[PDB]
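In: Compute the structure for the input listed below.
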Amino acid sequence: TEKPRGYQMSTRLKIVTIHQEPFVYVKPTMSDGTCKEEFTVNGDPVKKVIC
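Out: Numbering: from 1, shown residues only. This is the structure:
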């Protein structure tokens, strides 16, 4: 009886980037997949994502 209208508005998105410093860096990881946690000049955690 219901109108099966609309659309499943997705919440998992695909993002495309390119290698361009100083905007986006590219670094190879460690030997166990997760790459090296580092710190800034202030000791703040440099947030990275697994590209």
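
In: Phi and psi next, for residue 24.
Out: Torsion angles at residue 24 (phi, psi; degrees, to the nearest 10) stand at phi -130, psi 120.

In: That one: neighbour count?
Out: For residue 24, the count of nearby residues is 10 (other C-beta atoms under 10 Å). (Each C-beta comes from the backbone N, C-alpha and C, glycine too.)

In: swap in residue 16?
Out: Residues near residue 16, counting by other C-beta under 10 Å: 4.

In: Run the chain-centre distance for stretch 2-19.
Out: Relative to the centre of its chain, stretch 2-19 is centred 17 Å away, using C-alpha atoms, centre = their mean, to the nearest Å.

In: quick one: the residue lying closest to residue 30 once chain neighbours are set aside from residue 14, how far?
Out: Among residues not flanking residue 30 along the chain, residue 36 sits closest, at 5.9 Å (C-beta to C-beta, 6 or more residues apart in numbering). According to C-beta to C-beta, to the nearest Å, residue 36 stands 26 Å off from residue 14.

In: More neighbours: which of the two?
Out: Under the criterion of other C-beta under 10 Å, the comparison of residue 36 against residue 14 puts residue 36 first, with 9 against 5.

In: Cool, thanks, signing off.
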